[PDB]
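# return atomic coordinates for the entry below.
(2 chains, ligands or ions: 3)
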Protein chains: 2
Amino acid sequence: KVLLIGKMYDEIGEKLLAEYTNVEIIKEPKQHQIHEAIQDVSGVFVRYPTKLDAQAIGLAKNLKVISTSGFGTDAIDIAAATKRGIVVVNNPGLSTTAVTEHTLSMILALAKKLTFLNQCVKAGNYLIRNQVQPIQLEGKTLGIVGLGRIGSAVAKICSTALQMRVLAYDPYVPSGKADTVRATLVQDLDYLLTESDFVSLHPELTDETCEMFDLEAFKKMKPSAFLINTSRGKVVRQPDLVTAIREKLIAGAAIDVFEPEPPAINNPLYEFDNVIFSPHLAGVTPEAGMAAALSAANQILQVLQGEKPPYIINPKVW
Amino acid sequence: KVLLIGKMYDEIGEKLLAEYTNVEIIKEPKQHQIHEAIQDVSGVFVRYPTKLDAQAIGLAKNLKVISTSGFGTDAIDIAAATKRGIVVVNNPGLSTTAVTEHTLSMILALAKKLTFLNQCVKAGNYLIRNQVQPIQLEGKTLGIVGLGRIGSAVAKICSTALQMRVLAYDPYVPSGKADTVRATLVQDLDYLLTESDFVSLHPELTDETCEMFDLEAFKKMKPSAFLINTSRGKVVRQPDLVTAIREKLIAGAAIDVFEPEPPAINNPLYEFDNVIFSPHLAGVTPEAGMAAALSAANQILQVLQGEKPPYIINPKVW
Ligand SMILES: NC(=O)c1ccc[n+]([C@@H]2O[C@H](COP(=O)([O-])OP(=O)(O)OC[C@H]3O[C@@H](n4cnc5c(N)ncnc54)[C@H](OP(=O)(O)O)[C@@H]3O)[C@@H](O)[C@H]2O)c1
Ligand SMILES: NC(=O)c1ccc[n+]([C@@H]2O[C@H](COP(=O)([O-])OP(=O)(O)OC[C@H]3O[C@@H](n4cnc5c(N)ncnc54)[C@H](O)[C@@H]3O)[C@@H](O)[C@H]2O)c1
Ligand SMILES: NC(=O)c1ccc[n+]([C@@H]2O[C@H](COP(=O)([O-])OP(=O)(O)OC[C@H]3O[C@@H](n4cnc5c(N)ncnc54)[C@H](O)[C@@H]3O)[C@@H](O)[C@H]2O)c1
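Numbering: from 1, shown residues only, chains lettered A, B, ... in the order given. Ligands and ions are numbered 1, 2, ... in the order given. Here you go, the structure:
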């Protein structure tokens, strides 16, 4: 028996679990409903941000595997599952391709001033073509902050396909990793800031990267340069971005993540024609949802068959 | 002596002509000004769309070479120059990279619904994220019509970097040209129409391609597919594109070129949130202007030194 605490991101994951297990789905999970349905199941799927505490894990007698819906596992009492022999697996990185494409879309849209030119045409101001000139990406410098799953994939596209010079700042990756995607790893972040025509943020949100892009960073950036953020809103100190755009410390920005989130209806960034937005959708494609559903459903079956899943969070239990 | 009827797009072409010839530049060219400055010069550069008619060509006693600023030569009386032994050259293909990047920008913008999502957020409708789902390009099929300079460069990027299956339709290109850019050349346009998730137009405008994309073509396209046109406005019958969008025969369109051009304030396409525009700027970058200026200046010098230029429009005079 397998319990789905919340629906999966795609129905393909629920059908696959139904092929091998008896699956019960709680659509709107309450804490008492979990207690009454977890006692005899062998696997548990947890939809973010529903919590799974020591009480529910204590009531789960036959539990062997707990799977979250994505990267986040903060809502799961990991300590309670390790003592009971339960392996816990998450499902990270399954929207790497979606965010990569979304990042490329925003870099290009800023270079071609797409939203502004589209609005000008729709208002009958086709003649804006005489004043405004797009930017050619070939030969420009892309600065990547965070050379992880997405950062590496974005680096690889822009360096080879778009023929950009790619700098990368990431102190926790092997020194040769930038060469695998034809980027140059730099040790000093200030160097990336003064050399880049486009800066794209893809770091993990840590205490070191939190508000890493503040006013001091924007001053070092080229006034003609653009900022792209598809990582986390807290990586950018948003008031400093508002100042950077208004005082023309940079030429524009593309933003998929916000702090605070959701953004308020009257966010001061909304008034600028050189700032473009998407409502935290960079990783949301049908394919990414299916991959997350399949990865979660399949790791449950691996544990129930004695096979080692690839994303164990508590390795000391295997 | 060389006369510049209008400024070149970049000063680099004017300096190169000044190294070998005596150059006069008429910045805002009037017809009588052309008459009074062309009588003794050996070469002429014509900035679009200024006309060079039989009266001016008749007054040009020492004329040997006429160069336009771009592809177009409609404003030049070619017949009057052919009789006088004057070679005419255009300057095509010097913005291949700009149009390629602009094409990619529009393909991505449609897939991510960028302008619509940007408008919703700025209008306080951040919650549109619950209604709208972006498209992932990886694994989709791109159909390229016209596998020339632009079509080939778009094919190569989309097939490898973006991991798309690329089909091409071009009956005048060697069968192996598609393989060099990892595309499949198909003989039946219907095959490309029914198989593509994105159709991007890059053909030369001929009587065969004029209004090639009419209502019959849009009916064969997938209701989920998108159209991108950066080639020429006459390749698409615009009323049929309006019908195709309104009746949802296709899912959206990105348009950089228009028929008629310029588009009017009340274009019926403006009302649709899934149609995006740019005001015929796909090829307009500083780099493209520099290359066009260099090519025009160099073809003038080639003729003045007896060397055959690569883009002669009237070859029967050589
Ligand atoms: N890189 C650049 O080319 C560049 C640089 C700076 C500025 N611009 C902007 O572009 C505008 C004109 O650029 P351009 O004239 O030098 O480029 P062009 O290639 O000569 O384009 C001239 C026009 O003629 C038509 N055309 C295209 N191919 C043609 C062909 N083989 N034969 C006949 N007509 C053809 C097109 O309009 P239709 O389809 O409607 O007939 C095109 O817009 C200027 O107003 C300027 O604002 C361009
Ligand atoms: N819908 C969306 O917008 C969306 C979707 C998925 C992921 N994300 C976010 O995108 C970002 C990248 O995702 P990922 O899968 O590539 O993560 P990842 O774990 O694969 O890589 C993150 C990188 O950050 C690097 N890093 C750590 N500290 C750094 C520092 N001080 N400076 C620079 N780099 C540092 C790490 O070395 C690591 O390589 C994450 O913040 C993730 O939450 C957003
Ligand atoms: N600012 C702009 O939007 C801009 C800039 C430059 C060029 N263009 C336009 O882009 C288009 C392509 O430019 P290019 O430099 O690659 O031209 P190109 O001459 O290199 O290639 C055009 C292709 O069209 C193909 N073709 C001819 N007839 C066809 C048919 N019936 N079906 C399918 N294909 C056919 C030809 O075989 C050729 O290969 C041209 O229409 C050009 O005028 C637009």
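
# so how far is residue A:264 from the residue nearest to residue A:265 when sequence neighbours are not counted?
Distances taken as C-beta to C-beta, 6 or more residues apart in numbering or on different chains put residue B:124 closest to residue A:265, at 3.8 Å, once the chain neighbours are dropped. Using the backbone N, CA and C atoms, a C-beta is placed for each residue, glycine as well. In this view, residue B:124 and residue A:264 are 9 Å apart by C-beta to C-beta, to the nearest Å.

# returning to what we had before: now for the residue nearest to residue A:265, how many residues are close by?
13 (other C-beta atoms under 10 Å in any protein chain shown).

# and it, that's in a strand?
No. Residue B:124 is assigned coil when assessed by DSSP: H, G, I helix; E, B strand; the rest coil, not a strand.

# got the residues of chain A near ligand 2?
Within chain A, the positions near ligand 2 by C-beta under 6 Å from any ligand atom are A:93, A:95-96, A:99, A:145-151, A:169-170, A:172-173, A:202-206, A:208-209, A:230-232, A:256-257, A:280, A:282-283.

# in helices, which of those appear?
A:96, A:99, A:149-151 (DSSP state H).

# please, where are all the helices along chain A?
Counting by DSSP H, the helices of chain A are A:11-20, A:31-37, A:54-59, A:78-83, A:96-112, A:114-122, A:149-156, A:177-180, A:189-195, A:215-220, A:238-246, A:286-304.

# show me what the fourth one is packed against.
Read that as helix A:78-83. Judged by 3 or more C-beta pairs under 8 Å, 6 or more residues apart in numbering or on different chains; DSSP states H and E, helix A:78-83 is in contact with helix A:54-59, strand A:87-89.

# now do the second one
Of the remaining helices and strands, those touching helix A:31-37 by 3+ C-beta pairs under 8 Å, 6+ apart are strand A:2-5, strand A:23-26, helix A:54-59.

# so which bits of it are buried?
Neighbour-count burial for helix A:31-37 flags A:34, A:37 (criterion: 16 or more other C-beta atoms under 10 Å in any protein chain shown).

# send the alpha carbons of that helix over as CSV?
In CSV, the C-alpha atoms belonging to helix A:31-37 read as follows (Å, rounded to 0.1, in the frame of the first residue of the first chain):
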residue,chain,number,x,y,z
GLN,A,31,-3.1,16.3,9.9
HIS,A,32,-5.8,14.0,11.3
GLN,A,33,-6.5,12.4,7.9
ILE,A,34,-2.8,11.4,7.6
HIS,A,35,-2.8,9.7,11.0
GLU,A,36,-5.8,7.5,10.0
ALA,A,37,-4.4,6.5,6.6
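
# which residue is the nearest non-sequential neighbour of the residue of chain A found nearest ligand 3?
Per C-beta to the nearest ligand atom, residue A:129 is where chain A lies closest to ligand 3, at 9.8 Å. Closest residue in space to residue A:129, ignoring its immediate chain neighbours: residue B:279 at 4.1 Å, by C-beta to C-beta, 6+ apart.

# residues touching residue A:180, list them.
The neighbours of residue A:180, taking C-beta atoms under 8 Å, 6 or more residues apart in numbering or on different chains as the test, are residue A:152.

# for the stretch 201-318 of chain A, just list every one of the strands.
Ranges of strands in the stretch 201-318 of chain A, per DSSP state E, counting those that start in this stretch, are A:226-229, A:252-255, A:275-277.

# the ones you listed into TSV, with extra columns for mean neighbour count?
Below are those laid out as TSV (neighbours: other C-beta atoms under 10 Å in any protein chain shown):
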stretch	mean neighbour count
strand A:226-229	27
strand A:252-255	25
strand A:275-277	26
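
# contact partners for the residue nearest the centre of chain A?
The centroid of chain A falls nearest to residue A:231 when counting by C-alpha atoms, centre = their mean (5.3 Å). Going by C-beta under 8 Å, 6+ apart, residue A:231 touches A:146, A:150, A:201-205, A:257.

# got a PyMOL select line for the buried ones in the residues you listed?
Listed next is the PyMOL selection for buried residues among these, using 16+ other C-beta under 10 Å:
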select buried, chain A and resi 146+150+201+202+203+257
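
# now do the buried residues in stretch A:310-318.
Result for stretch A:310-318 [16+ other C-beta under 10 Å]: buried residues A:311-314, A:317.

# nearest to residue B:300, of these?
Nearest to residue B:300 among the buried residues of stretch A:310-318: residue A:311, at 64.7 Å, using C-beta to C-beta.

# wait, isn't that closest one in contact with residue A:92?
Yes. Counting by C-beta atoms under 8 Å, residue A:311 does reach residue A:92; the two are 6.6 Å apart.

# what does the stretch 151-300 of chain A put close to chain B?
Residues of the stretch 151-300 of chain A lying close to chain B (C-beta under 8 Å from any C-beta of the partner chain) are A:156-157, A:160-162, A:262-263, A:265-266, A:270, A:276-281, A:284-288.

# 7 Å - rerun?
Contact residues (C-beta under 7 Å from any C-beta of the partner chain) of the stretch 151-300 of chain A with chain B: A:157, A:160-161, A:262-263, A:265, A:270, A:276-281, A:284-288.

# please indicate which of these are buried?
Buried among these by 16+ other C-beta under 10 Å: A:157, A:161, A:263, A:270, A:276-281, A:284-285, A:287-288.

# possible to save these as JSON lines with distance to residue B:300?
Formatted as JSON lines, these follow (distance: C-beta to C-beta, whole Å):
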{"residue": "A:157", "distance to residue B:300": "39"}
{"residue": "A:161", "distance to residue B:300": "35"}
{"residue": "A:263", "distance to residue B:300": "55"}
{"residue": "A:270", "distance to residue B:300": "50"}
{"residue": "A:276", "distance to residue B:300": "42"}
{"residue": "A:277", "distance to residue B:300": "48"}
{"residue": "A:278", "distance to residue B:300": "48"}
{"residue": "A:279", "distance to residue B:300": "53"}
{"residue": "A:280", "distance to residue B:300": "54"}
{"residue": "A:281", "distance to residue B:300": "51"}
{"residue": "A:284", "distance to residue B:300": "54"}
{"residue": "A:285", "distance to residue B:300": "51"}
{"residue": "A:287", "distance to residue B:300": "53"}
{"residue": "A:288", "distance to residue B:300": "54"}
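
# give me the subset of these touching ligand 1.
Okay, of these, nothing touches ligand 1 (C-beta under 6 Å from any ligand atom).

# the nearest residue to residue A:248 once chain neighbours are set aside: what's it in contact with?
Nearest residue to residue A:248, sequence neighbours excluded (C-beta to C-beta, 6+ apart): residue A:223, at 6.4 Å. Residues near residue A:223 by C-beta atoms under 7 Å, 6 or more residues apart in numbering or on different chains: A:248-251.

# 10 Å instead?
A:244, A:247-251 (C-beta atoms under 10 Å, 6 or more residues apart in numbering or on different chains).

# show me which of these are buried.
So, by 16+ other C-beta under 10 Å, the buried ones in these are A:244, A:249-251.
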